[PDB]
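Before any questions on how it binds or moves, here is one chain, the form deposited in one PDB entry, in structure tokens.
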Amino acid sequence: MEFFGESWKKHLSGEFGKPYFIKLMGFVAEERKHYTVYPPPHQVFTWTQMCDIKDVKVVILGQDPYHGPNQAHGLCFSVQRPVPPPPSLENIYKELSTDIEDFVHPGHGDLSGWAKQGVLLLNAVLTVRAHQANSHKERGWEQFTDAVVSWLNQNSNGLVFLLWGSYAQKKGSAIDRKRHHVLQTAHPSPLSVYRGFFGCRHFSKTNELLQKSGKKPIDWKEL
């Protein structure tokens, strides 16, 4: 395997020599010497491994990785087999079931099948100390993932951005609405899901928007 997918590296490596990025790398490395940090190194950049950067169709922006054992693996909201889907992911699957009648629950929480279809599952902060939510907040990841969002905004066309919650909406605030499609709703967490996420129908809406972009739809059940 590779640490960082080649097509993504080609376009994002301009970040790597910048002072914030050097500092970020040092911070994460030091944290790993004293704490268990999730995801493990080989999974920090899973979101670069699943499809070519040129083939991104949909972008779902997250915040912090899961902080429990075996959960985070470098794709926002996803958990690898055999880990049970956390409540936020169960809510995502519940909305899918009501939104698209023909959706089939895969019986696991691994969203790799979406990533392979060009659904970028990007957290803003890409590491977290075990059991400590937001422990790596504002250490440099935000600037890096802002650079990712900026690259896609400028160099791709007709993407669908799904911005769930106020944090994601802020991170996507500068997306050019004349050049990309943006859908917004509340966050799927249990505390916020009934404040707009249930009933948002973003999955069916996304596929209709992809038609306008001249692109084939996501098969949301291909998991």
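The term rigid core refers to the maximal set of C-alpha atoms that superpose within 1.5 Å between the two forms. Counting begins at 1, following the sequence as shown.
The same protein also has a form deposited in another entry, omitted here; what follows describes it.
Residue displacement note: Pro39 has its CA displaced by under 2 Å between the shown form and the other one (rigid core superposed). The Cα shift for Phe27 between the shown form and the other one, taken after rigid core superposition, is smaller than 2 angstroms. If you fit the rigid core between the shown form and the other one, you'll see the Cα of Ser166 move by 2 angstroms or more.
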